[PDB]
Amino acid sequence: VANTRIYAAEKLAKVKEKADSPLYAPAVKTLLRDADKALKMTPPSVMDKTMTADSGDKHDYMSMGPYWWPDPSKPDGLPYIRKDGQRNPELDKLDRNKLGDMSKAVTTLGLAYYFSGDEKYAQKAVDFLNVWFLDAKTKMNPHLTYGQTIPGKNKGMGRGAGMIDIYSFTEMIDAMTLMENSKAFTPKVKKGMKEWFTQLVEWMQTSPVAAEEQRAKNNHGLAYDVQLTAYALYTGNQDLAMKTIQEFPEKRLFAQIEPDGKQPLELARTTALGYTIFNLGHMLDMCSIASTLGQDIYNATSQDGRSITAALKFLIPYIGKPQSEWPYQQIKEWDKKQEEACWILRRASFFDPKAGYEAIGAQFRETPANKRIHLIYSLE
């Protein structure tokens, strides 16, 4: 059983034993196909962008606030203006999509190595990690001072919101763990990766840009805690992880969930169903991490009934009901988010099996048998 924090380690180990069973074989085959596609990809880096942040160092990560667009009423489009839920394709010019491609590839490859034992996949993953994190010529500095810059705003600086850009590192770390016994993922590679994340954690605890994210009242602030906890554990700082976990119900859950389960700061968005689910999934990621340390975040309940269960119970009636009945905005991705909701229910069922959540999810889910999520959130 591997030391995973986001992924349920014992379940995953059983799915691996049963990789060739009829239940898992289609998904394993698709996973190895995805890994074969990743073998073809040239590892990107923060050096690929044409622009450089206002530090003048190309090795600094730079991205753009995704919902910020040129203002047609202004001569040069500046300053940009916000269109909540509408992603400006200009963001592709900077580092965000390269980081995404890298993180997804390493995750795919590490999972492929875990399930198959084929060393080629771990060797490619280590190539991505060298290029992105460790090689002097191409590496990303371990900070997000210039995360989610916005043209014409914030005096060229990034902002706390940029922290969300790296949220997938929570999962990537589990994929690295899963590859540690590969030949390619050496003690030197491991040390380099732990040193990078140690520096990132130092920056997260000191920087004023990171502090902006820590103070955030919505999904950003909840996600900050999850990332801090996961990176603390990866770097051996169990005490910081424990502290962040113990403070999480009062700081995040009871602040952001109303007694009827509503998450008002998410429901006010143009993608209110999407953000309700985004935050619930991050809550469940914290529950998963916390469970590995014997901390029961899932059942944490305030005196007035705020809890993850309340938040789930708000959502459930809308699953399988048409958009007409959802009294908030959801400007895109309705069917996609309905499907995601069904997998929220699978994940919740791990913590509260008697609630009948999987039966509800199974009633409305149309997820093909070969999708990776069947492997990661199995019923083992």
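A residue's number is simply how far along the shown sequence it sits, counting from 1.
Stretches 123-131 and 297-305 differ in mean CA B factor, with 297-305 having the higher one. In this entry, 71-79 shows the higher mean Cα temperature factor of the pair 285-293 and 71-79. Looking at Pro66, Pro43, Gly320, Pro327, the one whose CA carries the top B-factor in the deposited record is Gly320.
Listed residues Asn181, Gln148, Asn218, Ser103 were ranked by CA B-factor as deposited; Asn181 comes out on top.
Ranked within its chain, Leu233 lands in the middle third, by CA B factor from the PDB record.
Compared with the other modelled residues of the chain, the Cα B-factor recorded for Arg96 ranks in the lowest third.
Among all modelled residues in its chain, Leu32 ranks in the highest third by Cα B-factor. Among all modelled residues in its chain, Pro142 ranks in the lowest third by Cα B-factor. The PDB entry assigns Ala348 a C-alpha temperature factor belonging to the highest third of its chain's modelled residues.
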